[PDB]
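**Student:**
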Amino acid sequence: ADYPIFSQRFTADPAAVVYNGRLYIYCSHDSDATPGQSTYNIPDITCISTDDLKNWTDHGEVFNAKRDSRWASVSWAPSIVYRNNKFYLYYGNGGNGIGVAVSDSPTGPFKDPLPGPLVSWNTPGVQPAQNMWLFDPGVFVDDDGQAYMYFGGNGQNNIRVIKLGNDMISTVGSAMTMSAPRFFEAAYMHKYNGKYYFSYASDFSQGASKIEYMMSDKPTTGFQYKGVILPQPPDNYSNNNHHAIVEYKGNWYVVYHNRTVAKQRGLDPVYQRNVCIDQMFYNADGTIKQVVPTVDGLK
Ligand SMILES: [Ca+2]
Numbered sequence: 031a032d033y034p035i036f037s038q039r040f041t042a043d044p045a046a047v048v049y050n051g052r053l054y055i056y057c058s059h060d061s062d063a064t065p066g067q068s069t070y071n072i073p074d075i076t077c078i079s080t081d082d083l084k085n086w087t088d089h090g091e092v093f094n095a096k097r098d099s100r101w102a103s104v105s106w107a108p109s110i111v112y113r114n115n116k117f118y119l120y121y122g123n124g125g126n127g128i129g130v131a132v133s134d135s136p137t138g139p140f141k142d143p144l145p146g147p148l149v150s151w152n153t154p155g156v157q158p159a160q161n162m163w164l165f166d167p168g169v170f171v172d173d174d175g176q177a178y179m180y181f182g183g184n185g186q187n188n189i190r191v192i193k194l195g196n197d198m199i200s201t202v203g204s205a206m207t208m209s210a211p212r213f214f215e216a217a218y219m220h221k222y223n224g225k226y227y228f229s230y231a232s233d234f235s236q237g238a239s240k241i242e243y244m245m246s247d248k249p250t251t252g253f254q255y256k257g258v259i260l261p262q263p264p265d266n267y268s269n270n271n272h273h274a275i276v277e278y279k280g281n282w283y284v285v286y287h288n289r290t291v292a293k294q295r296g297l298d299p300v301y302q303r304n305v306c307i308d309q310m311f312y313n314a315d316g317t318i319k320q321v322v323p324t325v326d327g328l329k
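Take 31 as the starting number for the sequence shown in the deposited numbering and just add one per residue.
(1) In chain order, what residues of the same chain have a beta carbon less than 6 Å from the beta carbon of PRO154, not counting five sequence neighbours either side?
(2) When the Cβ atoms of the stretch 101-117 are set against those of the stretch 129-136, are three or more pairs found closer than 8 Å?
(3) Would you say the beta carbon of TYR218 comes nearer than 7 Å to a heavy atom of ligand 1?
(4) What distance in whole Å lies between the Cβ atoms of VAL291 and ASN304, which are believed to be in contact at a cut-off of 8 Å?
(5) Buried or exposed for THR251, please, with buried defined as at least 16 other CB atoms from any protein chain shown within 10 angstroms of its CB.
(6) By a C-beta neighbour count over all protein chains shown, 10 Å radius and 16 as the cutoff for buried, is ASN123 buried or exposed?
(7) May I ask you to check if the CB of residue 331 is nearer than 7 Å to at least one heavy atom of ligand 1?
(8) Report the residue ranges of all alpha helix (DSSP H) runs contained in full by the stretch 39-95; include only those spanning at least 4 residues, in chain order.
(9) Less than 8 Å separating the beta-carbons of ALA216 and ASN188?
(10) Which residue marks the beginning of the alpha helix (DSSP H) containing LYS293, and which one marks its end?
(11) Just mark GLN302 as buried or exposed, buried being the case when its beta carbon has 16 or more other beta carbons within 10 Å.
(12) For the beta strand (DSSP E) that contains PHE228, what are its first and last residues?
(13) Examine ligand 1 and report whether any of its heavy atoms sits within less than 7 Å of the Cβ of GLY183.
(14) Please tell me whether, using a cut-off of 7 Å, the distance from the CB of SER232 to the nearest non-hydrogen atom of ligand 1 is below it.
(15) Suppose you measure from the CA of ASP233 to the CA of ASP166; what does that come to, to the nearest Å?
(16) Going straight from the alpha carbon of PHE117 to that of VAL130, what length do you get?
(17) Looking at the secondary structure, which residues open and close the beta strand (DSSP E) in which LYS221 lies?
(18) Put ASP308 into one of helix, strand or coil per three-state DSSP.
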């Protein structure tokens, strides 16, 4: 297998879904660097896929916020869900609302059907929030058929979770607050063997951001911190760290990003990331073993 897996264009903040025997990864498309750039330039979402964890097919950019929504300008940090035989791609409009785009195909075109954000600063239960980043959705569908969107940023108590309707393009009720030590961004939920795993990127307060996690018997309460899933990957310049956890063909993987492509090309790595993948394992007690980044391809 190759490392890096995909270098055609820069990619970050992956999310993944399995459909018809393939693993699809959706990423923030980090636009090629421009002179004067001093923040993100993520206008669209890239999708790649595989059926063998060796050959990755480039599906291009499958969602563009300006082209494919009526209200959004950017599309940061996608979350993908397959439900109702449709694909729901949630995205952050740069902190200015969270959207949802829909397609009958994993590879789009995705289109946001709504006149405005799915979740906004005015959504009940979001505020009060001081210094929150209203972004970085992580959507999950529980065994009982209830979907949840986790989101937020920039503080221990700046996580929110809200129910989504079964149509996946509406909210139900109010958002509620969660807390996780040193929470910074990248909220993510998955369930395994009766446990809920809230994973996230930590802040820069005791070193560089790590992917850390909590476990609970419940989806929105009852969490306890359990440790680190992913340290800083190699070739990451002590910068941001963003992941997804996914099961594919009976094994588990963490998809994430680093800056190895930019490093090899001598390019500015801050906003020129590339997707990565590594295997993840569970301990017998259900905790997650810390992932070991690899640089010579999946084994
Ligand atoms: Ca995410």
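Every residue gets a Cβ at the ideal spot worked out from N, C-alpha and C, and that includes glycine.
**Tutor:** With the structure as the only source:
(1) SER204
(2) yes
(3) yes
(4) 4 Å
(5) exposed
(6) buried
(7) The structure shown does not extend to residue 331, since the chain spans only 31 to 329, so no value can be given for it.
(8) none
(9) no
(10) 290-295
(11) buried
(12) 225-232
(13) no
(14) no
(15) 14 Å
(16) 10 Å
(17) 213-222
(18) strand
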